[PDB]
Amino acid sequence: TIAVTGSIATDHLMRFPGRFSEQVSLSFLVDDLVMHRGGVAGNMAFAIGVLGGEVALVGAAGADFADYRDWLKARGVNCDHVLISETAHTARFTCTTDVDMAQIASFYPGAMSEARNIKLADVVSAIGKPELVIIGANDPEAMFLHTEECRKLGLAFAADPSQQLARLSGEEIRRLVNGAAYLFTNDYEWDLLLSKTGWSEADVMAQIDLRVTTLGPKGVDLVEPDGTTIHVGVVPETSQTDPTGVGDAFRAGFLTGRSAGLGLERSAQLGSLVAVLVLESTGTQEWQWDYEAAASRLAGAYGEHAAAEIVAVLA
């Protein structure tokens, strides 16, 4: 049972047929506008639920959340512990993506700031101790309070400060990482974390059980504290549609694999499949789970043996 903390949002996603390069008073004429379910925690919970995992969504939203709640419950997500603001609306992410997948976005937190009033102890009282708590991008104070509570209650946690790493200080980042079962970042964020914390590579690896570093088109690295390193290439895409939520999808597939007993490489192969399915769609939760297509693309990228091992835990 995975508890996913982080943002819950509505994503307003637009497509610019040009290149931001070519273009202060910027104006982009866009040819697509769609409104979809979002937030890092909603995205990850959705994917874990669709894949058959046991998952609870823990974050703050507005009263407008009813339909999103029904959507997620239909996919097996426990939404009992979503804090509903008395006054604020669910966060909104507004993003324009150009033909090269570059992005210009604005994020309005809304009810997300109230996540600092959530107590993981209440979740535990309701459903028991989760096997893993994901600490995703969120209200910063909530990110700290949740990490501290995980340590105090003895809950394994994944440090997943993607989008907030630029806003956090070195000390704040250090406080999010120590003792993590997993640290997730992309490659740029990893260099940034090292610069801001003042930690060396070895300093970090001595405080976590596993580093997971995504590399965009180059795939993903899984690095253990003893240096053992697994590199998994991407599942090659047939389209680049919209990059929003691809990292969330990787994490959800990887952690669902781990929850089902798969090893590190197989779990990262599953995560790579979910990631490409999101890259090939516009919303973050608009992809469909087709068991046969999953088995096929996993086999084409990684071999029939790996594919069979993975889908065996998804049927």
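For every residue, the number given is its place in the sequence shown, counted from 1. C-alpha atoms forming the largest set that superposes within 1.5 Å between two forms make up the rigid core.
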Could you tell me which of the two stretches, 189 to 197 or 77 to 85, has its Cα atoms lying farther from the shown structure in 5 other deposited structures of this protein after fitting on the rigid core?
-> 189 to 197
How do 284 to 292 and 24 to 32 compare in 5 other deposited structures of this protein: which one has C-alphas farther from this form after the rigid core is matched?
-> 24 to 32
Of the deposited residues between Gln23 and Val24, the number without coordinates is 4 to 9
Higher of the two mean Cα B-factors (117 to 125, 157 to 165; per PDB record) comes from 117 to 125
Check the entry's C-alpha temperature factors for 279 to 287 and 65 to 73, then say which stretch has the higher mean.
-> 65 to 73
Candidate set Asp242, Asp221, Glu189, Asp80 [ranked by C-alpha B-factor, highest] = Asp80
Among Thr214, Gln103, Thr229, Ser200, which carries the highest Cα B-factor?
-> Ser200
What third of the chain, by the recorded C-alpha B-factor, contains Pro236?
-> lowest
Ranked by Cα temperature factor within the chain, is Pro140 in the lowest third, the middle third or the highest third?
-> middle
Third assignment of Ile2 from its chain's C-alpha B-factors | middle
Comparing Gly39 with the other modelled residues of its chain, is its CA B-factor in the lowest, middle or highest third?
-> lowest
Tertile call for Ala88 (CA temperature factor, within chain, third-based) is the highest
